[PDB]
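Before any questions on how it binds or moves, here is one chain, the form deposited without the named molecule, in C-alpha cells.
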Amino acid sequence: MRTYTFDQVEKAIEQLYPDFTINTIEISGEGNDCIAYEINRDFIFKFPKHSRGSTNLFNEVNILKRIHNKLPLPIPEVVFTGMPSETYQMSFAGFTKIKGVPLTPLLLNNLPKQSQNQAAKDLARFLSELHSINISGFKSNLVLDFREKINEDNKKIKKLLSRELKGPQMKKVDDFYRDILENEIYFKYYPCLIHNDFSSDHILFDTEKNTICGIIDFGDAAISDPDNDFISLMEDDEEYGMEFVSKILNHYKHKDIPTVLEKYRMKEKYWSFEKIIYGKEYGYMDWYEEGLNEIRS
C-alpha cells in the first residue's frame, strides 16, 4: 500500500496534462493493484498501490492499445498516461468511463431467460474473438506457460513453507505438485491472448437494454490457456455456475468440455496455494495465514 489524497492525484495529472481542468474527483473502486478515481464523471484514473500493481497497470495500458478495435464489446480506452519512475513503471492511467453495472450472478438470474441466453451468446462471441486475436506482434514476455508456472510455484511454496510445515506435511505438498505435473491435460493447449481475470465483476451491464455493454480490467491479460477464461466464470455462487457457462461453451463451440471441468476442479483445489504465494507477492498477509491453515488440513 501507497495511498493518495485528491491533491496528489490532481498534481500528478496537472504535471503531464496542464490543460485538462478538473472539477469533480471521487474514489470509484479499489482493487488489489490500484485505486480508481472518477474525474469529471467521464474518466476513471487508476493509480497503483505498489510496484507490482503498477506493472499490472503498465501491462493493461499496453494490451489495450493492441486490441482496442478488435472486439465485439466495448473495452477500456486509454486517454491519459503517467510516467515511469524508480518505483512505478507507470504512475497512473486515465480511461474513458464505461457506464454500466457489474453483471452479478444475482442480476443475471433475475433476467428473463431470453436475455440470459443473449448474455451467454455475447460473452462467447467476445471470448471467441479475443482468443482468435493474432498474437504475433505481441511481446514474448506475455506468454504464461502453465507448466513453468506450476514448477515455479512448487519451489516458491517449498521455499516459503519449509520452516512452517512439518516434514510429512511438506511431503504431501510435494505430492500434490508432482500429481498435477504428471497430468498432461493441464499443459497441452494452444496459447492465445486471454483476459485471464474473466469474471462477473469485470463484465458490465446496461439495465435499460438488458445487454452486456463492456468488459474491463485487462491488467492480468496474458498469452495462455483459453480455458482460463471459462473456469473463472464457473464457481457456483461467487460466479455464474455450470449451467450458464455451459451455454457460453456451446456458443464458443468448445470441443473438449470435460477438459474445462477438470481444469476447473484442479484450479479450485489450487486456490490454497495461490492464497499463500499471492498473499506474499501482493504482501496481503491474511490470505497467507488462511491458505497455510487450509494446507495443514
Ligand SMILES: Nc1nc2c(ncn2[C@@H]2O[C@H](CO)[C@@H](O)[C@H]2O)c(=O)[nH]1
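Residue indices: 1-based, along the sequence shown.
The form deposited with the named molecule bound exists for this protein as well; it is not shown, and the discussion that follows is about that form.
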Handout entry: 127, 224 and 256 each touching the named molecule in the entry with it bound (heavy atom, 4.5 Å)
Key = no
Problem - Partner-proximal stretch of 151-159, 118-126, 174-182, 214-222 relative to the named molecule in the entry with it bound, 4.5 angstroms, heavy atom - result: 214-222
Handout entry: Interface membership of residue 55, the named molecule in the entry with it bound, 4.5 Å heavy atom rule
Key = no
Problem - Contact test in the entry with it bound: residue 204 vs the named molecule, heavy atoms, 4.5 Å - result: yes
Exercise for the section: Spell out, yes or no, whether the shortest heavy atom distance between residue 96 and the named molecule in the entry with it bound is within 4.5 Å. Expected result: yes
Practice task
Consider residue 28 of the chain shown here, and say whether it contacts the named molecule in the entry with it bound, taking contact as heavy atoms within 4.5 Å.
Solution key: yes
Handout entry: Contact residue in the entry with it bound, chosen from 44, 260, 249, 63 - any heavy atom within 4.5 Å of the named molecule
Key = 44
Problem - Interface residue in the entry with it bound among 67, 242, 36, 266, criterion: non-hydrogen atom within 4.5 angstroms of the named molecule - result: 36
